[PDB]
Amino acid sequence: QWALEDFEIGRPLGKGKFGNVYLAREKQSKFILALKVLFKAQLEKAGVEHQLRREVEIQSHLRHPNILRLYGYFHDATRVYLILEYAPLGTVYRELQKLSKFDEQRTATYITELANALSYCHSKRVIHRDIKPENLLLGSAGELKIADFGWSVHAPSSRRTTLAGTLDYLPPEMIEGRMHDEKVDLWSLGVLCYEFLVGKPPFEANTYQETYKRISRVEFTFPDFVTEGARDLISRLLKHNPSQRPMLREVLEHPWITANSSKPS
Ligand SMILES: Nc1ncnc2c1ncn2[C@@H]1O[C@H](COP(=O)(O)OP(=O)(O)O)[C@@H](O)[C@H]1O
Ligand SMILES: *SCCC(=O)Nc1cccc(Cl)c1F
Ligand SMILES: [Cl-]
Ligand SMILES: [Cl-]
Ligand SMILES: [Cl-]
Ligand SMILES: [Mg+2]
Ligand SMILES: [Mg+2]
């Protein structure tokens, strides 16, 4: 139905490994959206056609306040275009660069919004597996929305797709190429909570080889300013054994979360 001629393209919004994303306006309605442009040659070479389909499958059917909407799609023989909800306050990645560190209220509120969205997905045994700040977007009232569901699978799962950039948000069972389930997202929530308070993730290292070792051996420490309550929650999430990490319900009722979040569970 939609074609490229139906849109006026504008401000570049961001670049991922595959997605080139631009502000755009539909001519007849004046509707503002984010147009995510993918190159067919690149998708084919990397073998990630199935990730494009998964992203369309999940995000086109949902209507959750903390998950980014996908409205539709079209294509033209060199490119595929995804028509996305525009997030006008940008990425959490950009916001952390701006502020350097988040206070406890902002942090606990974001973790609440993340746990609300992921609780919905886990109830369907869907695991995201790629929760990192560049994939977390902000709505007009500063509310967090999870995006980029291309890596998502139903649990339990193995891995057949090659890992890309950083290891920093992935748990031991994922980097070691073992069977995995919902608890992968709980580990990543712990990594985020640390990174939001401290300004860098807990296993950050200057080589890939060293990052891998730090993750596999769960080697992290806290700076002096991180409070007892935040240490308790992060320590519960960053457990080597997935079965020992809490359920999202238990995160949402943790005393430090309920004391500091400005949003309810
Ligand atoms: N709906 C959106 N609104 C505003 N910016 C966006 C939106 N979607 C993506 N971006 C920007 O584009 C970048 C890449 O988009 P993403 O969907 O993650 O592509 P990839 O699948 O290639 O990682 C994001 O990290 C963000 O900077
Ligand atoms: S992740 C939240 C829930 C969800 O994924 N629902 C859904 C919608 C459409 C298709 C499939 Cl497989 C789904 F799981
Ligand atoms: Cl499809
Ligand atoms: Cl350390
Ligand atoms: Cl353990
Ligand atoms: Mg991305
Ligand atoms: Mg993607």
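Residues numbered from 1 in each chain as written, not as in the entry; some residues may be left out. Chains lettered and ligands numbered in written order. Heavy atoms only, no water. Residues with missing side-chain atoms left out of burial classes, pairs and counts.

S.K.: Would you explain the domain arrangement of the protein chain in this entry?
M.R.: How big an interface is tends to be stated in terms of accessible area lost as the parts join. Domain assignment breaks the protein chain into domain 1 (2-90) and domain 2 (91-261). Using only C-alpha atoms to locate each centre, domain 1 and domain 2 end up separated by 25 Å. Counting residues at the interface gives 18 residues for domain 1 and 27 residues for domain 2. Carbon and sulfur atoms supply 55% of the area buried between domain 1 and domain 2, which totals about 1900 Å² over both sides. Of all residues in domain 1, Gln51, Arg54 and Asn66 bury the most surface against domain 2, accounting for 31% of the area lost on that side. There are one salt bridge connecting domain 1 and domain 2. Between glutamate 85 and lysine 145 there is a salt bridge, with the nearest N and O atoms lying 3.0 Å from each other. Along the contact surface separating domain 1 from domain 2 lie twelve residue pairs in polar contact. (Domains from an automatic or database assignment. Contact = heavy atoms within 4.5 Å. Buried area = accessible area lost by both parts, 1.4 Å probe. Salt bridge = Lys/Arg side-chain N within 4 Å of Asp/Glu carboxyl O. Polar contact = N/O pair within 3.5 Å; in protein donor to acceptor, adjacent residues only side chain to side chain.)

S.K.: Help me understand the nonpolar core in this model?
M.R.: For soluble globular proteins, nonpolar side chains are generally found buried alongside one another. In this structure, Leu114, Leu136, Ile146 and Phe196 are the most contacted members of the largest nonpolar core, which totals 58 residues. Tallying contributions element by element places helix α6 (residues 183-198) first for this core, with eleven residues. Summarising the domain contributions, this core has at least three residues from each of domain 1 (2-90) and domain 2 (91-261). Non-local contacts of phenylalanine 196, meaning those with residues more than four positions away in its chain, are made with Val92, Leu96, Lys101, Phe102, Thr107, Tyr110, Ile111, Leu114 and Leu136. Of all hydrophobic cores here, the second largest spans 15 residues; its members include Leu38, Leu43, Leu52 and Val56. (Core = buried A, V, L, I, M, F, W, Y, C linked by side-chain atoms within 4.5 Å. Buried < 20%, exposed > 50% of the residue type's maximum accessible area, 1.4 Å probe, protein only. Helix = DSSP H or I, 4+ residues; strand = E, 2+ residues; numbered from the N terminus.)

S.K.: Could you clarify how one ought to interpret the coordination of the magnesium ion (ligand 6) in this entry?
M.R.: Think of it this way: four donors in a tetrahedron around the metal ideally sit 109.5 degrees apart, and six in an octahedron ideally sit 90 or 180 degrees apart. Coordination sphere of the magnesium ion (ligand 6), protein contribution only: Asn135 (OD1) and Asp148 (OD), at 2.1 to 2.2 Å. Separation of the magnesium ion (ligand 6) from the magnesium ion (ligand 7) amounts to 4.6 Å, with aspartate 148 serving as a shared donor to the pair. Taken together, the residues span a long stretch of sequence, with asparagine 135 in the loop between β6 (126-127) and β7 (136-138) and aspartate 148 in the loop between β8 (144-146) and β9 (153-154) at a distance of 13 residues. According to the relative accessible area criterion, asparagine 135 is buried, its value standing at 7%. A residue is classified by how much of its surface remains accessible, and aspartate 148, at 25% relative accessible area, is partly exposed. (Donors = N, O, S within 2.8 Å, 3.2 Å for Na, K, Ca; no water.)

S.K.: Can you walk me through the site of ligand 1 in this structure?
M.R.: If you check the shell around ligand 1, you find 19 residues, and the closest are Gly19, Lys36, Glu85, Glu134 and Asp148. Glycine 19 has a polar backbone atom sitting 2.7 Å from an oxygen atom of ligand 1. At 3.1 Å from an oxygen atom of ligand 1 is found a side-chain nitrogen or oxygen belonging to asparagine 135. For ligand 1, whose free accessible area comes to 560 Å², the fraction covered by protein is 89%. Those elements that place two or more of their residues in the shell around ligand 1 are β1 (7-15) and β3 (32-39). Top contributing element to the shell around ligand 1 by residue count: β1, with three residues. Two domains share the shell around ligand 1, each providing at least three of its residues, namely domain 1 (2-90) and domain 2 (91-261). (Near = heavy atom within 4 Å. Areas by Shrake-Rupley, 256 points an atom, 1.4 Å probe, with all protein chains shown as cover.)

S.K.: Is there a simple way to think about the pattern of salt bridges in this case?
M.R.: All chains considered together, the criterion is met by 15 salt bridges. In this structure, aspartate 76 engages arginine 79 in a salt bridge whose closest nitrogen and oxygen atoms are separated by 2.8 Å. A residue is classified by how much of its surface remains accessible, and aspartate 76, at 31% relative accessible area, is partly exposed. Put simply, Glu85, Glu143 and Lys145 are held in one network by salt bridges that share partners.

S.K.: Can you walk me through the pairing of strand β2 (residues 20-26) in this structure?
M.R.: Moving residue by residue along a regular strand, the side chains alternate between the two faces of the sheet. Sheet topology note: the β1/β2 ladder contains six bridges and is antiparallel. Bridging across to β2, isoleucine 9 finds its partner in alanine 24. Linkage of β1 to β2, two consecutive antiparallel strands, is achieved through a turn of four residues. In this sheet, β3 lies alongside β2 in antiparallel orientation, the contact comprising six bridges. Looking across to β3, one finds that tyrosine 22 is bridged to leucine 35. (Pairing = 2+ DSSP bridges.)

S.K.: What is the right way to read the packing of aromatic side chains from this model?
M.R.: The relation between two aromatic rings is expressed through the spacing of the ring centres and the mutual angle of the planes. Applying the stated criterion to the full structure yields eleven aromatic pairs. When the centroid spacing of 5.4 Å and the interplanar angle of 15 degrees are considered together, the rings of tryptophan 187 and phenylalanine 203 count as stacked. Separated by 16 residues along the polypeptide, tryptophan 187 in helix α6 and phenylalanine 203 in the loop between α6 and α7 (208-216) bring together distant segments of the chain. Given the relative accessible area of 0%, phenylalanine 203 is considered buried. In this structure, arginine 106 is placed above the aromatic ring of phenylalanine 102, and the distance from its NZ or CZ to the ring centre is 5.1 Å. (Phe/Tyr/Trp six-rings, centres within 6.5 Å; stacked < 30°, edge-to-face > 60°. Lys NZ or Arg CZ within 6 Å of the ring centre and 35° of its normal.)

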